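Student: The structure's right below; bear with me while I get my questions together.
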Amino acid sequence: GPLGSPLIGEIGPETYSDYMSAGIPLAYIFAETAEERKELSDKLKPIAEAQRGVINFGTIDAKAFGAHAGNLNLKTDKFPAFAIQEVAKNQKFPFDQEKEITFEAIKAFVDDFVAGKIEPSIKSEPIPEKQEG
């Protein structure tokens with residue numbers, strides 16, 4: 001039976017707008033591995049337990065949804081992947097797909113993100129000419 005309210009877990013069609021309308025950074029966690037999900041999501045357990053009320057931790061499939069992993073930055077070249085969509089600035093501070101997706105690595109990374117250490121990697125593309133400026 002019920003045991004509270006849904007927040008961190010699996011991202012769906014009714015959760016996207018909820019994490020986007022919530023007004024807090026969205027922590028996407030793509031993963032082509034739907035078997036060992038516990039491993040990634042575990043290290044993530046704390047990565048969000050620290051930011052449970054500041055970031056929306058939601059897991060996603062990097063095999064079927066992967067296209068959504070880099071729709072904010074990544075290239076969907078490898079997985080699992082991790083994205084950090086900001087619903088305040090509309091930023092996307094995801095993780096690498098050739099480094100190592102652990103806890104200390106994500107928890108620390110995101111930590112360096114929220115703190116104000118991480119910044120856009122590919123985003124930011126203005127349209128000069130008669131327009132803008």
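Every chain in the structure tokens takes a letter, A first, then B, and so on in the order presented; its residues are numbered from 1, and the ligands are numbered from 1 following the presented order.
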Report as number ranges by chain all protein, DNA and RNA residues lying within 12 Å of residue A:111, evaluated on only C-alpha atoms, omitting residues in the same chain fewer than 3 positions from it.

Tutor: A: 27, 46-48, 50-51, 54-55, 84, 93, 103-108, 114-118

Student: Okay, now the selection with N, CA and C atoms, as a PDB file, in the first residue's frame?

Tutor:
ATOM      1  N   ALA A  27      17.325  15.357 -12.315  1.00  0.00           N
ATOM      2  CA  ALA A  27      18.447  14.439 -12.426  1.00  0.00           C
ATOM      3  C   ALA A  27      18.063  13.187 -13.202  1.00  0.00           C
ATOM      4  N   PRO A  46      22.315   7.866  -2.805  1.00  0.00           N
ATOM      5  CA  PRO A  46      22.848   8.965  -1.998  1.00  0.00           C
ATOM      6  C   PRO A  46      22.965  10.234  -2.829  1.00  0.00           C
ATOM      7  N   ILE A  47      23.373  10.072  -4.101  1.00  0.00           N
ATOM      8  CA  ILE A  47      23.507  11.208  -5.000  1.00  0.00           C
ATOM      9  C   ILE A  47      22.237  12.038  -4.999  1.00  0.00           C
ATOM     10  N   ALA A  48      21.138  11.417  -4.590  1.00  0.00           N
ATOM     11  CA  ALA A  48      19.855  12.106  -4.537  1.00  0.00           C
ATOM     12  C   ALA A  48      19.380  12.279  -3.101  1.00  0.00           C
ATOM     13  N   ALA A  50      20.928  13.406  -0.918  1.00  0.00           N
ATOM     14  CA  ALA A  50      21.501  14.676  -0.518  1.00  0.00           C
ATOM     15  C   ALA A  50      20.752  15.805  -1.198  1.00  0.00           C
ATOM     16  N   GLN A  51      20.202  15.478  -2.357  1.00  0.00           N
ATOM     17  CA  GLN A  51      19.471  16.422  -3.165  1.00  0.00           C
ATOM     18  C   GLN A  51      18.071  15.903  -3.461  1.00  0.00           C
ATOM     19  N   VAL A  54      15.985  18.994  -3.704  1.00  0.00           N
ATOM     20  CA  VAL A  54      16.568  20.029  -4.554  1.00  0.00           C
ATOM     21  C   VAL A  54      16.676  19.574  -6.009  1.00  0.00           C
ATOM     22  N   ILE A  55      16.803  18.266  -6.219  1.00  0.00           N
ATOM     23  CA  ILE A  55      16.911  17.716  -7.566  1.00  0.00           C
ATOM     24  C   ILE A  55      15.978  16.518  -7.734  1.00  0.00           C
ATOM     25  N   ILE A  84      21.560  16.269 -16.174  1.00  0.00           N
ATOM     26  CA  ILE A  84      21.119  17.190 -15.136  1.00  0.00           C
ATOM     27  C   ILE A  84      20.430  18.396 -15.764  1.00  0.00           C
ATOM     28  N   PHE A  93      23.489  19.809 -17.369  1.00  0.00           N
ATOM     29  CA  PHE A  93      24.823  19.384 -16.936  1.00  0.00           C
ATOM     30  C   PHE A  93      24.874  17.866 -16.726  1.00  0.00           C
ATOM     31  N   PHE A 103      29.079   6.431  -7.603  1.00  0.00           N
ATOM     32  CA  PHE A 103      28.418   7.334  -6.699  1.00  0.00           C
ATOM     33  C   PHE A 103      29.284   8.558  -6.514  1.00  0.00           C
ATOM     34  N   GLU A 104      30.359   8.398  -5.774  1.00  0.00           N
ATOM     35  CA  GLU A 104      31.306   9.471  -5.539  1.00  0.00           C
ATOM     36  C   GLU A 104      31.535  10.310  -6.793  1.00  0.00           C
ATOM     37  N   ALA A 105      31.490   9.651  -7.942  1.00  0.00           N
ATOM     38  CA  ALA A 105      31.708  10.318  -9.220  1.00  0.00           C
ATOM     39  C   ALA A 105      30.509  11.157  -9.650  1.00  0.00           C
ATOM     40  N   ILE A 106      29.308  10.659  -9.391  1.00  0.00           N
ATOM     41  CA  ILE A 106      28.098  11.372  -9.761  1.00  0.00           C
ATOM     42  C   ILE A 106      27.696  12.318  -8.640  1.00  0.00           C
ATOM     43  N   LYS A 107      27.687  11.794  -7.420  1.00  0.00           N
ATOM     44  CA  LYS A 107      27.363  12.574  -6.257  1.00  0.00           C
ATOM     45  C   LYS A 107      28.261  13.798  -6.195  1.00  0.00           C
ATOM     46  N   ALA A 108      29.557  13.583  -6.428  1.00  0.00           N
ATOM     47  CA  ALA A 108      30.519  14.676  -6.417  1.00  0.00           C
ATOM     48  C   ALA A 108      30.299  15.581  -7.620  1.00  0.00           C
ATOM     49  N   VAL A 114      25.608  21.744  -8.812  1.00  0.00           N
ATOM     50  CA  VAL A 114      24.737  22.539  -7.955  1.00  0.00           C
ATOM     51  C   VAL A 114      25.517  23.656  -7.276  1.00  0.00           C
ATOM     52  N   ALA A 115      26.677  23.309  -6.729  1.00  0.00           N
ATOM     53  CA  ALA A 115      27.521  24.283  -6.054  1.00  0.00           C
ATOM     54  C   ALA A 115      27.806  25.472  -6.961  1.00  0.00           C
ATOM     55  N   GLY A 116      28.016  25.193  -8.243  1.00  0.00           N
ATOM     56  CA  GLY A 116      28.298  26.253  -9.192  1.00  0.00           C
ATOM     57  C   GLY A 116      29.652  26.081  -9.831  1.00  0.00           C
ATOM     58  N   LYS A 117      30.064  24.834  -9.959  1.00  0.00           N
ATOM     59  CA  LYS A 117      31.346  24.504 -10.532  1.00  0.00           C
ATOM     60  C   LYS A 117      31.207  24.032 -11.974  1.00  0.00           C
ATOM     61  N   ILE A 118      30.159  23.264 -12.250  1.00  0.00           N
ATOM     62  CA  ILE A 118      29.926  22.764 -13.597  1.00  0.00           C
ATOM     63  C   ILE A 118      29.159  23.782 -14.421  1.00  0.00           C
TER      64      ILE A 118
END

Student: Taking the backbone alone, and naming residues the way the document does, which bits of stretch 17-87 of chain A are strand (DSSP E) by DSSP, as a count of residues only?

Tutor: 15

Student: Kindly indicate which residue among A:71, A:129, A:122, A:62 lies nearest to residue A:33, using only C-alpha atoms for the distances.

Tutor: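 Looking only at the distances to residue A:33, the closest residue turns out to be A:62.
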
Student: As an MDAnalysis selection string, please: the residues near residue A:41 (cut-off 12 Å, only C-alpha atoms, same-chain neighbours under 5 positions excluded).

Tutor: chainID A and resid 8:10 27:31 33:36 46:49 57:60 80:82 101:103 106:107

Student: May I ask which of the residues A:69, A:61, A:87, A:132 is the closest one to residue A:37, counting only C-alpha atoms?

Tutor: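 Using only C-alpha atoms, the shortest distance to residue A:37 belongs to A:61.
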